[PDB]
């Protein structure tokens, strides 16, 4: 009974306490397959995910996340990383299958030229930005399936790269702890609509 998207967005709160029940791999795969349909500029999809269930690795990530207890307690921690260089080395995988021959090359050169003119920090920030569209899809879908989650930026990226063996060029836009909820979550407010939106 997956929830409608409006109820999911209005009811979500971050959850930091979880039941001890495992999350079935079949259920996780259905959620990730739907979240990976998120759109990105030029269909580049620079996002990459590590699903961490091993207890020793979760304990190591808890230390990298300044001791946040939910990293170790949740049944599953997702590491969302962005690898622009892996995307650019495999551009034929993201170009539309109908766009072939000479059209494919012109699209591929325009993309390579745009990124050849950018530094390492700018590339990481661009690929991280696109990865946050996928994060928005994933948080709404986790709520719609009845799972709780907390996205995190409070961690040392150098330690996370070392524990998992990630490339030095990768950016890590978030860790996400998830599982079946054992708490309601705290009420949080948002700015009034009229403070954020201007009508023209």
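Numbering follows the first chain given and starts at 1.
On average the C-alpha atoms of 23 to 31 have higher B-factors than those of the other stretch, with 137 to 145 and 23 to 31 being the two compared. With 73 to 81 and 119 to 127 compared on mean CA B-factor from the PDB entry, the stretch scoring higher is 119 to 127.
Sort the modelled residues of the chain by CA B factor and residue 37 lands in the lowest third. When the modelled residues of the chain are ordered by their C-alpha B factor, residue 8 lands in the lowest third. In the deposited entry, the Cα temperature factor of residue 64 places it in the middle third of its chain's modelled residues. The entry lists a Cα temperature factor for residue 163 that places it in the middle third of the chain's modelled residues. For residue 154, the recorded CA temperature factor ranks within the middle third of the chain's modelled residues.
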